[PDB]
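>>> sequence and experimental coordinates follow.
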Amino acid sequence: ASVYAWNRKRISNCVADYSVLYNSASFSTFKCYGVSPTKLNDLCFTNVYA
Amino acid sequence: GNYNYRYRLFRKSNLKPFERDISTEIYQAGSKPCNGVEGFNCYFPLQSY
């Protein structure tokens, strides 16, 4: 969708693997600010918003 | 802007008390083998203020 009409998605109640996206080089920029991108698979929160 | 003052940002492990490390090498931030080529998942730990 457009930049001013950006799509919003809610993710909850499943198992999420971040290694597959972490190792993929098809993305030019992968900037993580909350925590270290390496330790994403260990700690987790109640929900995710995309 | 004085840039002579710099410090190490990345390291595989922590530092034991009362010791010095002067290893200025590329740091592998992911699974990509740097091999002294930098690039993705490969950064310079030393940087200034």
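Structure received. Numbering: from 1, shown residues only, chains lettered A, B, ... in the order given.
>>> I figured residue B:10 hits residue B:43, correct?
Yes. Contact status for residue B:10 versus residue B:43: in contact at 6.2 Å, counting by C-beta atoms under 8 Å. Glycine gets a C-beta too; all of them are placed from N, C-alpha and C.
>>> give me every residue that touches the nearest residue to residue B:8 once chain neighbours are set aside.
Closest residue to residue B:8 apart from its sequence neighbours, by C-beta to C-beta, 6 or more residues apart in numbering or on different chains: residue B:45 at 4.6 Å. Contact analysis of residue B:45 by C-beta atoms under 8 Å, 6 or more residues apart in numbering or on different chains lists B:8-11, B:24-25, B:27.
>>> equivalent analysis for residue B:11, please.
Taking C-beta under 8 Å, 6+ apart, we find residue B:11 in contact with B:21, B:27, B:45.
>>> same thing but 10 Å
Shown in contact with residue B:11 (C-beta atoms under 10 Å, 6 or more residues apart in numbering or on different chains): B:21, B:23, B:27, B:45.
>>> pull the contacting residues for the third one.
Think residue B:27. Residue B:27 is in contact with B:8-12, B:34, B:38, B:41-46, counting by C-beta under 10 Å, 6+ apart.
>>> mind running it again at 6 Å?
The contact partners of residue B:27, by C-beta atoms under 6 Å, 6 or more residues apart in numbering or on different chains, come to B:10, B:43, B:45.
>>> follow-up on the earlier one: most widely separated two among the contacts of residue B:11?
Set against one another by C-beta to C-beta, the contacts of residue B:11 have their most distant pair in B:21 and B:27, with a gap of 12.4 Å.
>>> with secondary structure added, can I get the contacts of residue B:11 in CSV?
Formatted as CSV, the contacts of residue B:11 follow (DSSP: H, G, I helix; E, B strand; the rest coil):
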residue, secondary structure
B:21, coil
B:23, coil
B:27, strand
B:45, coil
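>>> nearest to residue A:22, of those?
residue B:27 (16.4 Å).
>>> now that closest one: how far from chain A?
Taken as C-beta to the nearest C-beta, to the nearest Å, the spacing of residue B:27 relative to chain A amounts to 12 Å.
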